[PDB]
Amino acid sequence: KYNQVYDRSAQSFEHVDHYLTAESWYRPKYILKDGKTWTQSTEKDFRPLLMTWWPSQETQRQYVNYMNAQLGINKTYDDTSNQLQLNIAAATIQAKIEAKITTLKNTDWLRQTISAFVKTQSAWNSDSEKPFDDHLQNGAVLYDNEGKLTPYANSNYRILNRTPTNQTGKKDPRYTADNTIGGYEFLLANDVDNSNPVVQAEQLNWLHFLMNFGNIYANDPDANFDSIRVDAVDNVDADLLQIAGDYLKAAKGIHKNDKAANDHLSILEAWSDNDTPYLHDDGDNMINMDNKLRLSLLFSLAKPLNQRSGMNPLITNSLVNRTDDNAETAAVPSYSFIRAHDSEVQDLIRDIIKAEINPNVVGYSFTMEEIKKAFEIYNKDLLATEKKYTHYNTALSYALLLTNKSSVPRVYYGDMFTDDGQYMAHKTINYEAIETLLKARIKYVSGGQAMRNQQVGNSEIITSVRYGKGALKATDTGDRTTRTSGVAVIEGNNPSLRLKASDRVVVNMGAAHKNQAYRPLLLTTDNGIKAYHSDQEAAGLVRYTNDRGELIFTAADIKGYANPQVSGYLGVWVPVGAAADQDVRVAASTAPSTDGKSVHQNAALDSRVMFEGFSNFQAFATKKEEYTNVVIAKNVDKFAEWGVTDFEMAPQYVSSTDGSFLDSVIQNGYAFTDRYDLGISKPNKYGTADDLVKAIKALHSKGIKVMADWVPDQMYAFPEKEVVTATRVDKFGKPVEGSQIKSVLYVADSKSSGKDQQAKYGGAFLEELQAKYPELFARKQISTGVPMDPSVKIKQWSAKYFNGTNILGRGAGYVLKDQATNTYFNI
Ligand SMILES: C[C@H]1O[C@H](O[C@H]2[C@H](O)[C@@H](O)[C@@H](O[C@H]3[C@H](O)[C@@H](O)[C@@H](O)O[C@@H]3CO)O[C@@H]2CO)[C@H](O)[C@@H](O)[C@@H]1N[C@H]1C=C(CO)[C@@H](O)[C@H](O)[C@H]1O
Ligand SMILES: [Ca+2]
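Procedures and definitions
Per chain, the count goes from 1 following the written sequence and can depart from the entry's numbering; residues without coordinates do not appear at all. Chain letters start at A and ligand numbers start at 1, both assigned in the order the entries are written. By convention in this description, side-chain values take in all heavy atoms of the structure and omit both hydrogens and water. Residues with missing side-chain atoms are left out of burial classes, side-chain pairs and their counts. Sites may look incomplete, because water is not among the atoms used; the donor set itself consists of N, O and S atoms within 2.8 Å of the metal (3.2 Å for Na, K and Ca). Note on geometry labels: four donors, all angles 85 to 135 degrees, give tetrahedral; four donors become square planar and six octahedral when opposite donors are over 155 degrees apart and every other angle is between 65 and 115; remaining cases are irregular. Whenever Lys or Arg places a side-chain nitrogen within 4 Å of a carboxyl oxygen from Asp or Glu, that contact is recorded as a salt bridge. Per the convention used, a helix needs a DSSP run of H or I reaching at least four residues, while a strand needs a run of E reaching at least two, with both numbered from the N terminus. By this definition, two strands are paired if DSSP reports at least two bridges between them. It suffices for a single heavy atom of a residue to lie within 4 Å of a molecule or strand for the residue to be listed as near it. Under the rule applied, a polar contact is a pair of N or O atoms within 3.5 Å (in protein, one hydrogen donor and one hydrogen acceptor; residues adjacent in sequence only if both atoms are side-chain atoms). Accessibility throughout is a Shrake-Rupley quantity obtained with a 1.4 Å probe, and a residue counts as covered only by protein chains that appear here. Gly is placed with the polar residues, together with every amino acid not listed as nonpolar (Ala, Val, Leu, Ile, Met, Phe, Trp, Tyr, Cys and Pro) or charged (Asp, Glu, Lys and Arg). Note: domain ranges come from an automatic or database domain assignment.

Some thoughts on the coordination of the calcium ion (ligand 2)
- For the calcium ion (ligand 2), every protein donor is listed as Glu185 (O), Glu185 (OE), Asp191 (OD), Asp191 (OD), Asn235 (O) and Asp713 (OD), and the spread of their distances is 2.4 to 2.6 Å.
- Around the calcium ion (ligand 2) sit 6 donor atoms; with metal-centred angles ranging over 52 to 153°, the donor geometry is irregular.

Points about the pattern of salt bridges
- Evaluation of the coordinates by the stated rule reveals 33 salt bridges.
- Ionic pairing is found between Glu376 and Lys373, a salt bridge with its closest N-O pair at 3.9 Å. Residue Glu376 and its partner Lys373 are both found in helix α12 (residues 368-383); the two are separated by 3 residues, about one turn of the helix.
- A salt bridge links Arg608 to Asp646; its shortest N-O distance comes to 2.3 Å. In this pair, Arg608 sits in the loop between α17 (603-606) and β23 (610-612) while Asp646 sits in strand β24 (residues 646-648), placing the two residues 38 residues apart along the sequence.
- Overlapping salt bridges, with partners in common, bring together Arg229, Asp231, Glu269, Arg410, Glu612 and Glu648 in one network.

Re the pairing of strand β2 (residues 30-33)
- Relative to strand β3 (residues 37-40), β2 runs antiparallel, the two sharing 4 bridges. Pairing of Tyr30 across the sheet is with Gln40, part of β3.
- Two successive antiparallel strands, β2 and β3, enclose a turn made up of 3 residues, where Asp34 displays a positive phi of approximately 60°.

Some thoughts on the site of ligand 1
- Taken together, 16 residues are adjacent to ligand 1, and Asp231, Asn235, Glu269, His341 and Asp663 come closest.
- Backbone polar atom of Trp271 to an oxygen atom of ligand 1: 3.2 Å apart, as the coordinates give it.
- Notes on ligand 1: free accessible area 810 Å², of which the protein chains cover 73%.
- Sort the elements by how many residues they give to the shell around ligand 1 and helix α9 (residues 291-302) lands first, with 3 residues.
- Its residues assigned to classes, the shell around ligand 1 comprises 6 nonpolar, 5 polar and 5 charged.
- If you count residues domain by domain, the shell around ligand 1 takes at least three from each of domain 2 (130-286 + 599-608 + 645-781 + 795-810) and domain 3 (288-293 + 305-327 + 337-344 + 391-586).

Focus: the domain arrangement of the chain
- The domain architecture assigned to the chain consists of domain 1 (10-125), domain 2 (130-286 + 599-608 + 645-781 + 795-810) and domain 3 (288-293 + 305-327 + 337-344 + 391-586).
- Placing a centre on the C-alpha atoms of domain 1 and another on those of domain 2 gives a separation of 44 Å.
- Counted by class, the side of domain 1 that touches domain 2 contains 4 nonpolar, 2 polar and 2 charged residues.

Here it is as structure tokens:
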């Protein structure tokens, strides 16, 4: 009777949405002070609810056993423990607890011990959330749409799995490269409901903010983000692809001509093979990766010698059949790459961890210790010829990427610099070859392409040829600038490649290059790869074409090698006698686009070079001059020298520290809490907001456009709690068969600060946008059938704007329940 509630007022409990949890404390009518006198209880005398209440006899017995063992009491009560025997034991436990409280006059040990005991109960930990599925964080929980117990978080939407393939709910029949629905809605952390028109409008607001970051933050139009990279296209409602499209038109006029489109060249991270034709049918407002060419490169050059495939795919298995690409404008624009901050980097780290560290590693949720231990092996393997974990023939992949036509190459930072360590600190063994190839791409690479696969000796070789500036076909003759341009690349993927004397590899170079002298650019040696940085530096190894413009090679030149850079043969030749400042690139015409497509893969777009300027595993910064953006501002001249046109920067948002995923362990910037906190409140991994502005300004100085990561899928770890009606679900959002979480209350962390940059800039510019661009809000979106709803600005992120959250390890009955009436405790 003494241990009841002081007053049934909300201030007497530790509530969440006026509900009670297992770890909740309360203020009783009387405190058993020191365990002797029943004293009236002040406001600072909160006590754990579990000290005097239990949601079943079993849990009470477990409480008795655990606290007896923890406090020093001998006797523990077994299976058949009578009802009242447990009550008297709990009274003894309370007496001992208050006695030990007065002996220390704090209540920290009690908090810790109660938390531990709660975490030892079945329905208060992961056990009630199991079975785990293929979610990157073990499981998912979908917030119910009509939660009677919590209208706090309802929604008329939460439309799931609306990928570009599955935008309308049924799989699109127009695209059949992918059997599946082309993605899944639940990827990581708290999943943003991008099917809510309010959230769509807020995403448009965030996009406008990012595109005008300079003006909005430092009153400087020189420091605006030029382009965007839409992250996790396959995990969000694809209506955003229209919204981001529309805007890029209405706000920047990319549809009008080609110069605007190229000045705001936006890309997608869409993995499903259906996404590139879906985007081409959308109107080519953005460009998608060439996944086919990526896989061809990976499986023909990078894989170990056992698992390496033939070389023919490198020609045919792509978006452009580069057998004879004699076209002024390619059918579909694309950007190609071999590695990225995630693709074929964190995968290799996972492989190493699962092999020689922690075989039980779950998804990509690494620990920093595991990361460093694995990186030791990674850095050693990168330097060996016999590679167990890392890529072979990286230089060959980049030699093909930077000479290919009809695609925009994206050079990854971690292929020129160490994936770990400080930014642009230590170079890789391939740095020289890649830099030489970029400079030679500026100087020589232009015109039509021709690729040939020749079976010679015991193996095969491939020859990629660029005819030169102006020469679109082999028959075209061009002019003097044409003759000093063009390039030949000869690659083999077998170290055992040995030709006989009777074997000759013929390489047609184009009608422009008849009887011309050619000098080696890159050459494979036993050392590694010799780069020739000028005609002089290689004048000892000149060779000539015949009267039909054919380079001819034999066993003297082509043989199999096996060194830490080449598992095969690499030979790149350029014509002799080009000006040291010769440039074969083109700028985009101002002529009005006519075909209804915004971005065109013309000769001007082929001249662009994307650069992914960050690694996931960048070492943290000690001093100012080690910040990433500072070093970028310092070394902008290097990027200008390399021919970089679009610099894809890391996501500059400030990182959370929960550690539930790799993104929040190395703090790349994809795990964030405030979407507008671009290094404002705190510095990000790469520098303060002012450092970012300086970097953007320095990049714009040399004419380089800047690309910002647009990440509308998920947000990590909000500070405020919230109780929601929810159901256990897989990554596809299907309810788990007979889980204990079925329309059940759950304590998610889905309430934003409310005094962050999200409160400041949230929906600020909406009023402006429908002023200047009304048609953006006229469009009836595809998945929803209704236009964006900018009426309400999103100042505080609530669970109503979210599809759900990864399982949190809190339990299915973590929200307390009166076992008599079988309803949750309310207030
Ligand atoms: C997490 C990261 O990748 C996610 O997508 C993965 C897919 O689930 C995989 O299936 C894989 O697709 C391959 C399949 O064979 C098939 O889909 C094919 O068509 O394409 C692939 C061929 O090899 O692709 C991914 C491999 O991990 C997710 O969809 C993607 O958006 C994610 N990328 C970034 C996202 C976030 C969000 O926080 C950031 O952490 C990083 O920027 C990246 O991780
Ligand atoms: Ca999603």
